[PDB]
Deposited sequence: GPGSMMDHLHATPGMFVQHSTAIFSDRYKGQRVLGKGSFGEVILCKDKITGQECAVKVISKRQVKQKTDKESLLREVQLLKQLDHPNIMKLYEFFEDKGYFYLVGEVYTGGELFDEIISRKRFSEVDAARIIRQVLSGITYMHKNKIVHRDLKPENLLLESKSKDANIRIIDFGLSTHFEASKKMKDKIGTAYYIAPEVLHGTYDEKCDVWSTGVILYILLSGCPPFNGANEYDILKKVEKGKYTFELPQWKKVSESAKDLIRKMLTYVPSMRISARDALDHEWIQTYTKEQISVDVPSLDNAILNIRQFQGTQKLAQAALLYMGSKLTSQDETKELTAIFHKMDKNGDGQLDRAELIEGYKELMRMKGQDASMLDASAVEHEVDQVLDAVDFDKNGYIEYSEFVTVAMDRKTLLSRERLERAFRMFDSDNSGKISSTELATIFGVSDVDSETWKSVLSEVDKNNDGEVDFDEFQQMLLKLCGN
């Protein structure tokens, strides 16, 4: 009688890893409506509150409505997962659209920040705090150029513990309010994060920066920042005054979301403004660096998952092969692949039996052999996993290219230091690894070299 997610929805495709879980594009089996489902693994994420409190929050968020906040439609739960079913948005992340623009002025910044403050104000009225507000939580509603910003992930932080794994942690330290670090926080922390994002939109650099996560956290905690850089000369006084008010240390003296909406800067500039060319270049650099460290971490992770899943799948099938001749049929292959999912959460794309039948067919319709006869599972295993190895190898490659804006084919030692600082790989550890692959003292690596470093940084 309790509703089953897969009874209602089929998976179309994965949309990536978000905070607390993967997101999958799904479709209602009856009505045909498309949805973006965030699937949270119960094993991998400790809850902060009881079930009663989670349920009550979900019920509230189902009834909330605001143009700058993601719409939530449905909530499911079974033995291992939460399924959070929201509206699909196709505009991508705000910053990925900002990097691909000729001009960007304070008028562009003010319109974006007004949308963010508007969504935030509304949620604070409803006593919902974000805590983790950052640029990848700002999606554009569509590919249209006038598109509304939809803030994602309101509600989650209250109920779920943040990951301390670096794959999940990257990019977060720049944005977290000081009082979150120390444990006594309330809705003002969201003004702080919004202040950091605005600082970044108008200069291209984080106001609190450092060589690794803990050095960023130290800057945040002392709370000092300056507008002394060159690009701050191209910016109105009123913009810096707002930022000062939003990055006020003691939360009770910090400006509220609502009072920020009535600020001179927002009033004036969301109604003869020079472009901010110097900020577009730095944000393009900043985004590129952030995106490649993520891809570096996700690539290392999927290689670790592959090692785990390759050995496990082989063992499962050996048990199944009773006669010991290596011959299993598609139905057994499906049963073996299902069992791998029975004890693993990395394929949130494999939501049910029919997602797995199709995925076996795809592997099978590559290995060439017939799916109505018996099969050599050894072969099947070696192709199934690579459809994540090659798949992930290609996603790293693209971010390497994206990062290499001069198409030089290479990343300097200085740039590696920056990528590995953001990735929290120890300086001595990656230099050590660099030495084992770059024996010419070029002080630069090409893609395959950079890839070899990462395999050596995840025990290969």
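Counting from residue 1 of the deposited sequence, the stretches lacking C-alpha coordinates in this chain are 1-19, 291-295.
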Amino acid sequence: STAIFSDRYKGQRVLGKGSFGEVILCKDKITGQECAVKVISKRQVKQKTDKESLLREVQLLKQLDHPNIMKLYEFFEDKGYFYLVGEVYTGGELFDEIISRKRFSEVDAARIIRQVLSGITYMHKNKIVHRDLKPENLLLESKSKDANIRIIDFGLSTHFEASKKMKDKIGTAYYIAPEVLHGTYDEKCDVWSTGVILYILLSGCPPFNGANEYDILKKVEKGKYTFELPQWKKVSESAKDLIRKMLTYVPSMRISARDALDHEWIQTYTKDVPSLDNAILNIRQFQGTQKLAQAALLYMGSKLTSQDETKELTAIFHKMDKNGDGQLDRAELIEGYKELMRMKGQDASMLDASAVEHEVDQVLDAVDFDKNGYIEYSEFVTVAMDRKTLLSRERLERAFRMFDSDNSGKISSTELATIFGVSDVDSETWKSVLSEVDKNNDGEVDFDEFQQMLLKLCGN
From here on, numbers count along this sequence of modelled residues.
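Rigid core here is just the name for the largest C-alpha set that superposes within 1.5 Å across the two forms.
Root mean square Cα distance to the shown form, taken over structures and residues in 9 other deposited structures of this protein after a core fit, is higher for 429-437 when 429-437 and 46-54 are compared. In 9 other deposited structures of this protein, superposed on the rigid core, the segment with the larger root-mean-square CA displacement between 287-295 and 221-229 is 287-295.
Across the other compared structures of the same protein with both neighbouring residues present, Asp347 lacks coordinates in at least a third. Where the other entries of this protein model the residues before and after it, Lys234 is kept in all of them rather than dropped from a third. Note on 431-439 vs 408-416: mean CA B-factor is higher in 431-439. As listed in the deposited structure, the average C-alpha B-factor of 304-312 and of 318-326 is greater for 318-326.
For the set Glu106, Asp365, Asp186, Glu74, the PDB entry assigns the largest Cα B-factor to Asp365. As recorded in the entry, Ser53 carries the highest CA temperature factor of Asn68, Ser53, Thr31, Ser41. In the PDB entry, a CA B factor belonging to the lowest third of its chain's modelled residues is recorded for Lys27. Ranked by C-alpha B-factor against the other modelled residues of its chain, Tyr81 falls in the middle third. Sort the modelled residues of the chain by CA B factor and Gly345 lands in the highest third. Among the modelled residues of its chain, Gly16 has a C-alpha B-factor that falls in the highest third according to the deposited record.
In the deposited entry, the Cα temperature factor of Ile200 places it in the lowest third of its chain's modelled residues.
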